[PDB]
Amino acid sequence: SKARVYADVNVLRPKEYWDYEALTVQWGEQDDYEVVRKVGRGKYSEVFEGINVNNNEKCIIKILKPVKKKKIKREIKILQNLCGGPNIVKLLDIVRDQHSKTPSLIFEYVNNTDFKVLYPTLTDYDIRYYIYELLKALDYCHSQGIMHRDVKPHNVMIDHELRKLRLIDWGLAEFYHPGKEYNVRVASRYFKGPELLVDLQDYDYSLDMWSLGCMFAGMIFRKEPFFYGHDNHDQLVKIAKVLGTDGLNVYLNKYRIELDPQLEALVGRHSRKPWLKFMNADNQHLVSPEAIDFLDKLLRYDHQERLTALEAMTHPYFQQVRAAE
Ligand SMILES: O=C1c2c(O)cccc2C(=O)c2c([N+](=O)[O-])ccc(O)c21
């Protein structure tokens, strides 16, 4: 399997562009940035609102937790390659603690409101507007030969007051190379695409389109997360319970995938549950036929069937957003 778009981006660009292992970090000055307050955390890092001492400009300080040198060069290279793209967080500097050599990635300041409190207040139009903004970021990174591999609400910072969006945490991102077999242990469980759940290693940019689909479904249906599986095995079951097993079987045979006996047993046999079956008094104001058609074209078992970020942006669902632009 290969991407249906941007497949040769890294094939045509010089080795230095994607050969991140050959990167030699130009460490800046650790004293230039001061922590002001913590604002977040993850299994791989701690994030603080900071201040650039030279210009007293606010910034974001991401202190990385101990991890392999390769992974750190990877995140840095991708950040340097995407800097300046639409809605892509901007890496401003890279410093390290002299004594322990703990790395810190310095970014432009980003204002944010946790999705569990922001999302409930979004209007039908806000949702169209912000998803469109996210799609710009995804079409861009894909056009540059990179898969984010961890699209989820937590990684989409939004400054609702200024209606500004940024795609963050490129710590799991990778460069796409035709035919390469990647690690399937990426993204977050509720947003893992079927390819990751059934061990299809030669996946591509389309992976992010499933994750986006899950996020979108949660937003219009007010059911977060939309696919709530306890572990990887269960994650596929919850998915099968909605899209139906027939579609799953067509998919597995096309890619010659062997489902683990145990897992196959858990999935079972299920009919498809129409999207409208998910509409209720709490989400009726956000569910529209255009929203359903868009979502339907994203959540497909077969990754080659999903809409590309570029295709997604032209769907009539975003008509007024484009018109506004
Ligand atoms: O990784 C990031 C991150 C980044 O890579 C670039 C800019 C901002 C953030 C960020 O803000 C953030 C937060 N958080 O919301 O506090 C929580 C967990 C994270 O892993 C991050």
Side-chain angles (χ1 to χ4, degrees), residues 39-47 60 62 65 71 74-75 78-79 82 87-89 107 110-120 122 126-142 146-160 164-174 182-197 203-232 234-236 238-239 242 286 294-295 298-300 303 306-307 309 312:
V39 302
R41 58 90 186 85
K43 74 189 94 55
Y44 306 114
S45 75
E46 286 189 57
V47 188
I60 293 298
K62 180 182 190 176
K65 291 183 178 181
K71 188 176 197 231
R74 193 179 66 182
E75 186 177 346
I78 291 175
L79 280 168
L82 304 166
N87 297 332
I88 306 291
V89 69
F107 300 98
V110 178
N111 228 305
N112 153 67
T113 310
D114 183 76
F115 69 108
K116 293 91 151 184
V117 68
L118 167 67
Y119 286 23
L122 298 181
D126 292 324
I127 293 184
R128 304 192 192 216
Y129 172 81
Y130 288 119
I131 290 303
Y132 192 70
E133 291 302 293
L134 176 50
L135 282 166
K136 292 181 180 178
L138 288 182
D139 179 49
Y140 183 76
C141 76
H142 294 170
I146 293 159
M147 318 179 264
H148 184 276
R149 307 201 309 183
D150 193 25
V151 174
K152 64 182 177 179
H154 317 61
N155 285 340
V156 171
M157 293 303 94
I158 296 185
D159 181 328
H160 198 207
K164 183 141 51 66
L165 184 153
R166 293 285 180 281
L167 178 53
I168 64 157
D169 201 349
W170 298 79
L172 292 191
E174 251 296 5
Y182 299 83
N183 188 327
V184 296
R185 315 195 104 58
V186 297
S188 303
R189 181 169 297 101
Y190 309 133
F191 307 87
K192 288 177 182 289
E195 54 264 59
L196 301 184
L197 296 173
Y203 58 77
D204 59 83
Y205 313 115
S206 52
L207 168 64
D208 293 335
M209 296 314 293
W210 171 274
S211 295
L212 178 67
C214 295
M215 174 167 163
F216 187 60
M219 283 170 79
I220 65 168
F221 288 122
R222 310 285 225 209
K223 187 181 178 310
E224 59 296 290
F226 191 66
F227 296 117
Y228 184 51
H230 292 324
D231 68 347
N232 290 346
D234 192 44
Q235 194 46 42
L236 189 59
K238 296 316 211 319
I239 296 188
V242 173
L286 304 179
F294 179 51
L295 173 62
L298 289 178
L299 295 186
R300 292 285 174 70
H303 51 286
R306 304 165 198 157
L307 293 175

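In what follows, residues are counted from 1 in the order of the sequence shown. No hydrogens, no waters, no symmetry mates; every other heavy atom, side chains included, goes into these values.
Contact annotation: the side chain of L295 never approaches that of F226 to less than 4.5 Å [non-hydrogen atoms, C-beta and beyond]. With contacts defined as side-chain heavy-atom distances shorter than 4.5 Å, the pair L122/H160 qualifies. Within the 4.5 Å cutoff, the side chain of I168 has no heavy atoms near those of the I60 side chain. Residues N232 and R185 have side chains in contact (heavy-atom distance under 4.5 Å, counting atoms from C-beta outward). The shortest distance between side-chain heavy atoms of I131 and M219 falls below 4.5 Å. Under the 4.5 Å side-chain criterion, counting only non-hydrogen atoms from C-beta, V89 is in contact with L79. A heavy-atom distance below 4.5 Å is found between the side chains of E46 and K65. Taking the side chain as every heavy atom from C-beta outward, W210 and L298 never approach each other to under 4.5 Å.
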(request) Could you check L212 against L135 for side chain to side chain contact (heavy atoms under 4.5 Å, CB included), going step by step and ending with a plain yes or no? (result) CA-CA 9 Å; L212 178 67; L135 282 166; 3.4 Å; yes
(request) Dump the intermediate steps for side chain to side chain contact (heavy atoms under 4.5 Å, CB included) on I88 and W170, then the final yes or no. (result) CA-CA 10 Å; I88 306 291; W170 298 79; 3.8 Å; yes
(request) Kindly indicate, with the supporting measurements, whether the criterion side chain to side chain contact (heavy atoms under 4.5 Å, CB included) is fulfilled by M157 and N87. (result) CA-CA 10 Å; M157 293 303 94; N87 297 332; over 6 Å; no
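In terms of the side-chain hydrogen bond (donor to acceptor under 3.5 Å, both in side chains) criterion, residue partners of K136 (sequence neighbours excluded) are, by chain and number, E133, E325. In this structure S211 satisfies the side-chain hydrogen bond (donor to acceptor under 3.5 Å, both in side chains) test with no other residue, sequence neighbours excluded. Contacts of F107 classified as ring pair (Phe, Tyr, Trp, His ring centres under 6.0 Å), with partners at least two apart in sequence or in another chain: none.
Using modelled atom types, no side-chain atom of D150 and backbone atom of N155 make a donor-acceptor pair closer than 3.5 Å. Side chain of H303 to backbone of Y205: no donor-acceptor contact under 3.5 angstrom is found. The backbone N or O of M215 lies less than 3.5 Å from no partner atom in the side chain of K152, so there is not a single donor-acceptor pair. One N or O on the side chain of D208 and one on the backbone of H148 form a donor-acceptor pair closer than 3.5 Å.
If you take CG on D169 and CD on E75, they are separated by 6.0 Å, rounding to the nearest 0.5 Å. The CG atom of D114 lies 11.0 Å from the CD1 atom of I158; values are rounded to the nearest 0.5 Å. Between the OG1 atom in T113 and the CG atom in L118 there is a gap of 5.5 Å [rounded to 0.5 Å]. Separation of atoms CG (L236) and CG (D231) is listed at 10.5 Å; rounding is to 0.5 Å. Atom SG of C214 sits about 13.5 Å away from atom CZ of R189, to the nearest 0.5 Å. Distance check, rounded to the nearest 0.5 Å: CD1 of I127 to CD1 of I220 gives 8.0 Å.
Ring pair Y203/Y182 is tilted by interplanar angle, where 30° to 60° counts as tilted.
The salt bridge (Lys or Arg N to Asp or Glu O under 4.0 Å) with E174 is formed by just one residue from the set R149, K71, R74; it is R74.
When every heavy atom of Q235 is checked against every heavy atom of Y228, the shortest pair comes out as OE1-C, 4.0 Å. The shortest heavy-atom contact between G229 and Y190 is O-CE2, 3.1 Å. Taking all atoms of both residues into account, the shortest heavy-atom contact from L299 to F227 is CD1-CE1, 3.9 Å. Shortest non-hydrogen contact noted between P194 and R306 is CD-NH2, 3.6 Å. Summarising the geometry of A173 relative to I146, their closest heavy-atom pair is CB-CG2, 4.0 Å, with the distance given to 0.1 Å.
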